[PDB]
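J.: my_file.tsv (TSV, C-alpha atoms) pasted underneath:
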chain	number	residue	atom	x	y	z
A	1	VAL	CA	133.05	43.77	124.44
A	2	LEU	CA	134.57	41.57	121.70
A	3	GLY	CA	136.63	42.26	118.56
A	4	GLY	CA	137.85	45.56	119.96
A	5	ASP	CA	140.70	47.38	121.72
A	6	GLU	CA	141.35	48.57	125.28
A	7	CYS	CA	139.60	51.96	125.49
A	8	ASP	CA	141.32	55.30	125.45
A	9	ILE	CA	140.73	57.45	128.48
A	10	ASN	CA	139.47	60.34	126.31
A	11	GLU	CA	136.45	58.32	125.25
A	12	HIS	CA	134.85	56.77	128.39
A	13	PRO	CA	134.46	59.56	131.05
A	14	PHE	CA	130.66	59.11	130.66
A	15	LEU	CA	130.85	55.45	131.64
A	16	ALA	CA	129.96	54.99	135.32
A	17	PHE	CA	130.13	51.89	137.50
A	18	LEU	CA	127.51	50.02	139.58
A	19	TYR	CA	128.72	48.09	142.62
A	20	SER	CA	127.57	46.76	145.97
A	21	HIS	CA	128.26	42.97	146.23
A	22	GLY	CA	130.88	43.63	143.50
A	23	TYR	CA	130.03	44.60	139.93
A	24	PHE	CA	126.39	44.97	138.76
A	25	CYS	CA	126.07	47.34	135.77
A	26	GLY	CA	127.74	49.99	133.62
A	27	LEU	CA	126.20	53.45	133.42
A	28	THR	CA	126.32	56.78	131.67
A	29	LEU	CA	126.66	60.29	133.01
A	30	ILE	CA	124.41	62.76	131.21
A	31	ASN	CA	125.24	65.78	133.42
A	32	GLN	CA	126.85	66.74	136.79
A	33	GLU	CA	123.70	65.60	138.62
A	34	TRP	CA	122.18	62.77	136.57
A	35	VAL	CA	123.24	59.30	135.45
A	36	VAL	CA	121.37	57.00	133.03
A	37	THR	CA	120.98	53.20	132.67
A	38	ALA	CA	118.68	50.23	132.00
A	39	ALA	CA	115.74	49.33	134.24
A	40	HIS	CA	116.97	45.70	134.09
A	41	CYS	CA	120.06	46.99	135.88
A	42	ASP	CA	118.16	47.95	139.04
A	43	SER	CA	119.59	46.43	142.18
A	44	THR	CA	117.89	47.19	145.46
A	45	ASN	CA	120.81	48.84	147.29
A	46	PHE	CA	123.72	50.01	145.05
A	47	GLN	CA	126.31	52.80	144.50
A	48	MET	CA	128.21	54.74	141.77
A	49	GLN	CA	131.84	54.89	140.77
A	50	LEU	CA	132.67	57.64	138.27
A	51	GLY	CA	135.89	57.90	136.24
A	52	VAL	CA	137.31	54.41	136.77
A	53	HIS	CA	139.94	53.47	134.14
A	54	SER	CA	142.37	50.67	135.22
A	55	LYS	CA	142.04	48.05	137.97
A	56	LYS	CA	145.87	47.97	138.18
A	57	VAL	CA	146.14	51.74	138.88
A	58	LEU	CA	143.72	54.28	140.35
A	59	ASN	CA	144.07	57.69	138.64
A	60	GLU	CA	144.09	60.69	141.06
A	61	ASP	CA	140.31	61.34	140.71
A	62	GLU	CA	137.67	58.58	140.92
A	63	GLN	CA	134.39	59.79	142.47
A	64	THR	CA	131.91	57.85	144.63
A	65	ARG	CA	128.20	58.77	144.74
A	66	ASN	CA	124.86	57.35	145.92
A	67	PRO	CA	121.34	57.16	144.38
A	68	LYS	CA	119.27	59.96	145.94
A	69	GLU	CA	116.47	59.25	143.44
A	70	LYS	CA	115.62	56.83	140.62
A	71	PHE	CA	112.97	56.77	137.90
A	72	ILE	CA	111.57	54.08	135.61
A	73	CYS	CA	109.02	54.36	132.80
A	74	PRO	CA	105.57	54.75	134.45
A	75	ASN	CA	103.77	52.88	131.64
A	76	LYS	CA	106.21	49.94	131.83
A	77	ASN	CA	105.45	46.24	132.18
A	78	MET	CA	106.75	45.35	135.66
A	79	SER	CA	107.52	41.74	134.63
A	80	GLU	CA	108.45	41.84	130.90
A	81	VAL	CA	112.29	42.03	130.76
A	82	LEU	CA	113.08	44.37	127.89
A	83	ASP	CA	110.23	46.82	127.42
A	84	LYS	CA	111.41	50.38	128.15
A	85	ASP	CA	114.74	49.23	129.56
A	86	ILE	CA	115.69	52.61	131.04
A	87	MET	CA	116.31	54.18	134.46
A	88	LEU	CA	117.74	57.55	135.55
A	89	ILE	CA	119.77	58.01	138.72
A	90	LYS	CA	119.88	61.32	140.55
A	91	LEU	CA	123.27	61.45	142.29
A	92	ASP	CA	123.03	62.60	145.90
A	93	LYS	CA	125.86	65.09	145.27
A	94	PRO	CA	126.82	66.91	142.00
A	95	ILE	CA	130.07	65.94	140.25
A	96	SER	CA	132.69	68.10	138.53
A	97	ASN	CA	134.29	67.71	135.13
A	98	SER	CA	137.92	66.65	135.45
A	99	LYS	CA	140.27	64.46	133.38
A	100	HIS	CA	138.38	61.23	134.09
A	101	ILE	CA	134.84	62.65	134.35
A	102	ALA	CA	132.63	64.32	131.69
A	103	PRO	CA	128.96	64.11	130.61
A	104	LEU	CA	127.58	62.76	127.34
A	105	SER	CA	125.24	64.96	125.27
A	106	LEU	CA	121.74	63.68	124.45
A	107	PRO	CA	120.32	62.83	120.99
A	108	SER	CA	118.57	65.61	119.04
A	109	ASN	CA	118.31	63.45	115.92
A	110	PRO	CA	118.05	59.61	115.90
A	111	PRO	CA	120.72	57.49	114.23
A	112	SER	CA	120.00	56.81	110.58
A	113	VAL	CA	120.61	53.12	109.89
A	114	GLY	CA	124.03	52.15	108.52
A	115	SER	CA	125.91	54.58	110.78
A	116	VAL	CA	129.18	53.63	112.46
A	117	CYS	CA	128.87	53.76	116.27
A	118	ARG	CA	131.03	52.99	119.35
A	119	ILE	CA	130.21	50.42	122.09
A	120	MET	CA	132.23	49.93	125.30
A	121	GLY	CA	132.32	48.52	128.86
A	122	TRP	CA	133.91	46.12	131.37
A	123	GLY	CA	131.99	43.05	130.20
A	124	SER	CA	133.54	39.81	128.99
A	125	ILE	CA	136.09	40.21	126.21
A	126	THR	CA	135.44	36.80	124.74
A	127	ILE	CA	133.05	34.73	122.66
A	128	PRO	CA	132.41	31.85	125.12
A	129	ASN	CA	134.32	32.68	128.33
A	130	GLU	CA	134.21	35.10	131.23
A	131	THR	CA	137.47	37.03	130.72
A	132	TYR	CA	137.29	40.40	132.48
A	133	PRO	CA	139.55	43.34	131.48
A	134	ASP	CA	141.53	45.89	133.54
A	135	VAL	CA	140.58	48.91	131.43
A	136	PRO	CA	137.29	49.08	129.41
A	137	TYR	CA	137.31	47.95	125.75
A	138	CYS	CA	136.10	49.71	122.56
A	139	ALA	CA	134.69	48.61	119.18
A	140	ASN	CA	133.01	50.11	116.10
A	141	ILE	CA	129.71	48.59	114.99
A	142	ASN	CA	126.98	49.51	112.48
A	143	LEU	CA	123.34	50.39	113.09
A	144	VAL	CA	121.26	47.80	111.23
A	145	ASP	CA	117.72	46.97	109.91
A	146	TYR	CA	114.80	46.50	112.27
A	147	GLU	CA	114.17	43.33	110.27
A	148	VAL	CA	117.66	41.93	111.04
A	149	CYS	CA	116.71	42.35	114.72
A	150	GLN	CA	113.40	40.60	114.12
A	151	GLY	CA	115.00	37.91	111.94
A	152	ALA	CA	117.63	37.17	114.58
A	153	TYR	CA	115.39	37.31	117.68
A	154	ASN	CA	112.03	35.52	117.32
A	155	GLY	CA	110.80	37.51	120.34
A	156	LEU	CA	109.60	40.92	119.12
A	157	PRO	CA	112.11	43.65	120.09
A	158	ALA	CA	110.48	46.86	121.33
A	159	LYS	CA	109.51	49.42	118.71
A	160	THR	CA	111.63	51.57	121.03
A	161	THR	CA	114.89	49.70	120.37
A	162	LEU	CA	118.09	50.24	118.45
A	163	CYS	CA	119.67	47.39	116.53
A	164	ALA	CA	123.42	47.34	116.08
A	165	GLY	CA	126.16	44.88	115.33
A	166	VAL	CA	128.43	43.90	112.49
A	167	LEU	CA	126.40	42.12	109.82
A	168	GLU	CA	128.85	39.25	109.23
A	169	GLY	CA	129.53	39.16	113.03
A	170	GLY	CA	132.66	39.72	115.08
A	171	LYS	CA	132.01	42.82	117.20
A	172	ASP	CA	129.32	42.80	119.88
A	173	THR	CA	128.70	43.58	123.56
A	174	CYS	CA	128.99	40.75	126.09
A	175	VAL	CA	127.99	39.43	129.51
A	176	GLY	CA	128.47	42.53	131.71
A	177	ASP	CA	128.23	45.37	129.17
A	178	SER	CA	124.57	46.02	130.06
A	179	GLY	CA	123.72	49.69	130.59
A	180	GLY	CA	126.86	50.85	128.79
A	181	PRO	CA	126.77	53.54	126.10
A	182	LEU	CA	126.44	53.35	122.31
A	183	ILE	CA	127.89	56.56	121.00
A	184	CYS	CA	127.55	57.91	117.46
A	185	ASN	CA	129.22	61.18	116.48
A	186	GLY	CA	129.91	62.53	119.99
A	187	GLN	CA	126.21	61.94	120.75
A	188	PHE	CA	124.79	59.22	122.96
A	189	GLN	CA	122.47	56.97	120.94
A	190	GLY	CA	121.68	53.55	122.51
A	191	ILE	CA	121.79	51.78	125.90
A	192	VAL	CA	123.18	48.21	126.02
A	193	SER	CA	120.29	45.89	126.91
A	194	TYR	CA	120.59	42.36	125.43
A	195	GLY	CA	121.94	40.19	122.65
A	196	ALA	CA	122.99	36.56	122.30
A	197	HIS	CA	125.52	34.05	123.62
A	198	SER	CA	128.00	33.64	122.02
A	199	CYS	CA	128.87	37.29	121.28
A	200	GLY	CA	129.89	38.25	117.73
A	201	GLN	CA	127.66	35.83	115.82
A	202	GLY	CA	126.76	36.67	112.22
A	203	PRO	CA	123.25	38.14	111.61
A	204	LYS	CA	122.74	38.20	115.41
A	205	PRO	CA	123.07	41.92	116.37
A	206	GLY	CA	122.67	43.48	119.82
A	207	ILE	CA	119.66	45.28	121.25
A	208	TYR	CA	119.83	48.76	122.79
A	209	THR	CA	117.34	51.11	124.40
A	210	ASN	CA	116.55	53.79	121.82
A	211	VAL	CA	117.76	56.74	123.89
A	212	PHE	CA	116.17	59.20	121.39
A	213	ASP	CA	112.63	57.89	122.03
A	214	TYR	CA	112.94	58.87	125.75
A	215	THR	CA	114.96	62.11	125.55
A	216	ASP	CA	111.71	63.96	126.27
A	217	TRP	CA	111.06	61.80	129.33
A	218	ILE	CA	114.68	62.11	130.37
A	219	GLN	CA	114.24	65.92	130.36
A	220	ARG	CA	110.71	65.92	131.76
A	221	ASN	CA	111.97	64.20	134.93
A	222	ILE	CA	115.06	66.41	135.03
A	223	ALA	CA	112.79	69.47	135.09
A	224	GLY	CA	110.42	67.95	137.69
A	225	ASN	CA	107.51	66.30	135.87
A	226	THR	CA	107.49	63.15	138.01
A	227	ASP	CA	104.11	62.26	136.50
A	228	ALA	CA	105.51	62.26	132.95
A	229	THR	CA	105.69	58.92	131.12
A	230	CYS	CA	107.44	57.38	128.07
A	231	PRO	CA	105.88	56.62	124.65
A	232	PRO	CA	104.50	52.98	124.72
I need this file expressed as structure tokens, please.
T.:
Amino acid sequence: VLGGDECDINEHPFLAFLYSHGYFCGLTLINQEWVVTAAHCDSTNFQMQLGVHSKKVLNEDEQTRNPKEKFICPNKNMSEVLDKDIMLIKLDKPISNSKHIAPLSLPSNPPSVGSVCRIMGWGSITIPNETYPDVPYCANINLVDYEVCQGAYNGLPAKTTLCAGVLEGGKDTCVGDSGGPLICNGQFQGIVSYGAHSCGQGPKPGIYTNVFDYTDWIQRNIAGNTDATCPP
């Protein structure tokens, strides 16, 4: 993240951690059993770290889990990078709410453009470089036009995408923030997916998986409709 502050511990207990060779992707806890993230973030053999705050100091209660099950959109293009960039992860063992661990509630209404939302993660903190933080970082952005996504990125973003950024630039996600949350009013709204290098460019906002378009599919799976698919 760029143009922001180290994150407060009260605001990232939903953020999970994907590691095997090292660091792969951020994640979000939606409840004691289930974690969410981007399809693009699938690695073949990986694990979960819940409630990580500072590299320099491990708080009394990190939690390590494995992927019992995973799900991707059934109607998805297997090759095309960005279409339906979403994946659930059933943890092999349920997790409890403590200081450093707590779920994020799902969207009931979608975010009306021009709202002020919060991005976060362990990605690069800089415009050009790879400078990695010790605690996650936070920043306020706005939700913007679907034309300012299509004006910025000559490849058509999915009808199932959120567009956020700071019009004039200066606050954006970065290399390694993929699969992180975009939170608006206590509610989880978008999933970090792609943007541009360098981060923070004027009229070049970031692209997120429109969590609200798949909240039905999220729940369908969570109830047991393995057949169920996402809206094209």
J.: From the list A:101, A:82, A:73, A:41, which residue is nearest residue 11 of chain A when using only C-alpha atoms?
T.: A:101
J.: Can you list, as a list in words, every protein, DNA or RNA residue that comes within 10 Å of segment 111-118 of chain A when you count all atoms listed in the file, leaving out same-chain residues fewer than 4 positions away?
T.: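 My reading of the contact set: residues 11, 107, 138, 139, 140, 141, 142, 143, 144, 145, 146, 162, 163, 164, 165, 166, 181, 182, 183, 184, 185, 186, 187, 188, 189, 190, 210 and 212 of chain A.
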J.: For residue 13 of chain A, which of A:49, A:55, A:76, A:102 is the closest residue, counting only C-alpha atoms?
T.: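 Under the stated criterion, the closest residue is A:102.
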J.: Show me, as lines of an AutoDock Vina configuration file, the centre and edge lengths in Å to one decimal of the axis-aligned box that covers every listed atom of segment 78-84 of chain A with 8 Å on each side.
T.:
center_x = 109.9
center_y = 46.1
center_z = 131.5
size_x = 22.3
size_y = 24.6
size_z = 24.2
J.: For residue 153 of chain A, which residue out of A:29, A:207, A:174, A:120 is the nearest one, using only C-alpha atoms?
T.: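 The closest residue to residue 153 of chain A is A:207.
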J.: My list of candidates is A:65, A:56, A:159, A:93. Which is closest to residue 209 of chain A when distances are computed with all atoms listed in the file?
T.: A:159
J.: Could you check the closest approach to residue 218 of chain A for each of A:110, A:59, A:71, A:39 and tell me which residue wins, using all atoms listed in the file?
T.: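 Ranking A:110, A:59, A:71, A:39 by distance to residue 218 of chain A, first place goes to A:71.
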J.: I'd like to know which of A:223, A:15, A:81, A:199 is closest to residue 158 of chain A, using only C-alpha atoms.
T.: A:81
J.: So which residues are close to (132.6, 66.8, 135.6), meaning at most 10 Å away in the file's coordinates with all atoms listed in the file counted, and can you show them as a ChimeraX atom specification?
T.: /A:13-14,29,31-33,50-51,63,94-103
J.: Could you work out how far atom CA of residue 211 of chain A lies from atom CA of residue 54 of chain A, giving the answer in Å with one decimal?
T.: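 Result for atom CA of residue 54 of chain A versus atom CA of residue 211 of chain A: 27.8 Å, one decimal.
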J.: In Å to one decimal, how far is atom CA of residue 213 of chain A from atom CA of residue 160 of chain A?
T.: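 For atom CA of residue 160 of chain A relative to atom CA of residue 213 of chain A, the distance reads 6.5 Å.
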J.: For residue 57 of chain A, please output as a PyMOL selection string all residues within 12 Å (counting all atoms listed in the file; exclusion window: fewer than 5 positions along the same chain).
T.: chain A and resi 52+62+134-135
J.: Expressed in Å to a single decimal, how great is the separation between atom CA of residue 18 of chain A and atom CA of residue 6 of chain A?
T.: 20.0 Å
J.: Residues at most 9 Å from residue 194 of chain A, counting all atoms listed in the file, excluding those fewer than 2 positions away in the same chain, as number ranges by chain?
T.: A: 82, 173-175, 178, 192, 196, 206-208
J.: Please, can segment 130-165 of chain A be completed to N, CA and C atoms and returned as a compact mmCIF listing (two decimals), in the frame of the given file?
T.:
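Done, and the output landed in result-v3.txt:
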# COMPACT_ATOMS: atom_id res chain seq x y z
N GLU A 130 134.23 33.92 130.39
CA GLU A 130 134.21 35.10 131.23
C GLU A 130 135.66 35.54 131.46
N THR A 131 136.16 36.40 130.57
CA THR A 131 137.47 37.03 130.72
C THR A 131 137.27 38.54 130.89
N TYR A 132 137.53 39.01 132.11
CA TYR A 132 137.29 40.40 132.48
C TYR A 132 138.56 41.23 132.40
N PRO A 133 138.45 42.41 131.76
CA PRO A 133 139.55 43.34 131.48
C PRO A 133 139.94 44.20 132.68
N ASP A 134 141.01 44.99 132.51
CA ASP A 134 141.53 45.89 133.54
C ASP A 134 141.18 47.35 133.23
N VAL A 135 141.20 47.69 131.94
CA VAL A 135 140.58 48.91 131.43
C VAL A 135 139.38 48.50 130.53
N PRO A 136 138.39 49.40 130.33
CA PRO A 136 137.29 49.08 129.41
C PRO A 136 137.78 48.87 127.97
N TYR A 137 136.96 48.21 127.15
CA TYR A 137 137.31 47.95 125.75
C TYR A 137 136.33 48.65 124.79
N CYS A 138 136.81 48.93 123.58
CA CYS A 138 136.10 49.71 122.56
C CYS A 138 135.99 48.94 121.25
N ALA A 139 134.92 49.20 120.49
CA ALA A 139 134.69 48.61 119.18
C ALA A 139 133.66 49.40 118.36
N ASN A 140 133.91 49.47 117.05
CA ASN A 140 133.01 50.11 116.10
C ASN A 140 132.02 49.09 115.57
N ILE A 141 130.73 49.41 115.64
CA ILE A 141 129.71 48.59 114.99
C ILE A 141 128.86 49.45 114.04
N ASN A 142 127.95 48.81 113.31
CA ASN A 142 126.98 49.51 112.48
C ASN A 142 125.58 49.43 113.09
N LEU A 143 124.76 50.43 112.78
CA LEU A 143 123.34 50.39 113.09
C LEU A 143 122.64 49.72 111.92
N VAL A 144 121.81 48.72 112.23
CA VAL A 144 121.26 47.80 111.23
C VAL A 144 119.71 47.80 111.16
N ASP A 145 119.17 47.12 110.14
CA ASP A 145 117.72 46.97 109.91
C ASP A 145 116.95 46.65 111.17
N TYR A 146 115.68 47.05 111.23
CA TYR A 146 114.80 46.50 112.27
C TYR A 146 114.23 45.13 111.93
N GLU A 147 114.46 44.70 110.69
CA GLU A 147 114.17 43.33 110.27
C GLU A 147 115.27 42.32 110.61
N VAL A 148 116.52 42.78 110.69
CA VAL A 148 117.66 41.93 111.04
C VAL A 148 117.75 41.76 112.57
N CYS A 149 116.96 42.56 113.29
CA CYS A 149 116.71 42.35 114.72
C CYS A 149 115.59 41.34 114.90
N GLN A 150 114.56 41.47 114.07
CA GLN A 150 113.40 40.60 114.12
C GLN A 150 113.61 39.26 113.42
N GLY A 151 114.64 39.17 112.58
CA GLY A 151 115.00 37.91 111.94
C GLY A 151 115.86 37.09 112.87
N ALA A 152 116.70 37.79 113.63
CA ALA A 152 117.63 37.17 114.58
C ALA A 152 116.95 36.72 115.88
N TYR A 153 116.02 37.54 116.38
CA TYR A 153 115.39 37.31 117.68
C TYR A 153 113.88 37.13 117.58
N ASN A 154 113.44 35.88 117.51
CA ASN A 154 112.03 35.52 117.32
C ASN A 154 111.07 36.10 118.36
N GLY A 155 111.60 36.71 119.41
CA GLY A 155 110.80 37.51 120.34
C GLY A 155 110.83 38.95 119.86
N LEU A 156 109.67 39.58 119.72
CA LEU A 156 109.60 40.92 119.12
C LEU A 156 110.33 41.98 119.97
N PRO A 157 111.45 42.52 119.44
CA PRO A 157 112.11 43.65 120.09
C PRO A 157 111.21 44.89 120.11
N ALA A 158 111.33 45.69 121.17
CA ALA A 158 110.48 46.86 121.33
C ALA A 158 110.64 47.81 120.15
N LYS A 159 109.52 48.39 119.74
CA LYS A 159 109.51 49.42 118.71
C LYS A 159 110.45 50.54 119.15
N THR A 160 110.72 50.59 120.46
CA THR A 160 111.63 51.57 121.03
C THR A 160 113.04 51.01 121.27
N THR A 161 113.55 50.27 120.28
CA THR A 161 114.89 49.70 120.37
C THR A 161 115.78 50.12 119.22
N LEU A 162 117.08 50.17 119.50
CA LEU A 162 118.09 50.24 118.45
C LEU A 162 118.60 48.85 118.15
N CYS A 163 119.04 48.65 116.92
CA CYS A 163 119.67 47.39 116.53
C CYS A 163 121.04 47.68 115.95
N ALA A 164 122.07 47.12 116.56
CA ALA A 164 123.42 47.34 116.08
C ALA A 164 124.20 46.05 116.12
N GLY A 165 125.29 46.03 115.38
CA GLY A 165 126.16 44.88 115.33
C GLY A 165 127.05 45.04 114.12
